[PDB]
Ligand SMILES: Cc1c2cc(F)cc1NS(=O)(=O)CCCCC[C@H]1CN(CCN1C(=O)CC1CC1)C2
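Just the one chain here, laid out as structure tokens, in the form solved without the named molecule.
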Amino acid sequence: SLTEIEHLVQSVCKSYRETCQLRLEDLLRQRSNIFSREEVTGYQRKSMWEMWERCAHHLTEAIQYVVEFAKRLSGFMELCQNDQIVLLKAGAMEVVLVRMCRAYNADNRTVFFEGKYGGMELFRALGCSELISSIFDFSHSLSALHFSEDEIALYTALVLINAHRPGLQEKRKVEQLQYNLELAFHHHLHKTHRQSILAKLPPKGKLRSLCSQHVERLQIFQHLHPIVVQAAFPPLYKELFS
């Protein structure tokens, strides 16, 4: 079924376009819009816990857009609730981290944060310089790929739809969706002469490690200074918060 695979491509790309938060052309056009030294100092002088509150809410919103992305993938809603949650819990943050490279400018090592670009020194008050370096380095490695929007869409669909996540109840069902998405992805890369990015994708385990460190830090902050979540997905909220 040739056009069926081209269908799933069009349905993944449309779900991505509807949930990607900012258009790539907006992010690229804003690259010259950079925080001043005075603006950077204002961020650096904020409380740890205020910068935590800002970052936690940006990350919560980002996760919620990823959940909406997943929900709009043909086949995801047909999975059982348990498996939907298993996949989102394990992979939604991984997708957020991947999505970050669109907002990263490798020319000057800045990210688009709250309306302008700035470097990692913007986040000094968080006292997480190791994790922030690891996030910036990761986005720096991905930015070298010059990911197109469809490549990020199909790749992040596969970050989510991974039949190897422990605890799946209907594994064959997740496998079917996974194989169809893998075919869609490989067909698209062939069509665009972009198969060369396959060897350049992050090693399996690299994204897992960075996300587990990231989520562990967020859980520590949340334990010390809980934020109020505008909760839209009760079964998933219940798995992350306590």
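Each residue number is its position in the shown sequence, starting from 1.
Although it is not shown, the form deposited with the named molecule bound is what the next lines describe.
Placing the named molecule by C-alpha superposition of the site, using its position in the bound PDB entry, leaves the pocket open: no ligand atom lies within 2.4 Å of backbone or C-beta atoms here. Comment: the named molecule is not present in this chain, but in the bound PDB entry one of 161, 79, 111, 154 has a heavy atom within 4.5 Å of it, namely 111. Site annotation in the bound PDB entry: the residue of 59, 34, 40, 183 reaching within 4.5 Å of the named molecule with a heavy atom is 59. Heavy atoms of residue 217 reach within 4.5 Å of the named molecule in the bound PDB entry, making it an interface residue. Mapping the unseen interface onto this chain, residue 106 falls outside it, with no heavy atom inside 4.5 Å of the named molecule in the bound PDB entry. Contact annotation for residue 131: at least one heavy atom lies within 4.5 Å of the named molecule in the bound PDB entry. In the bound PDB entry, no heavy atom of residue 168 sits within 4.5 Å of the named molecule.
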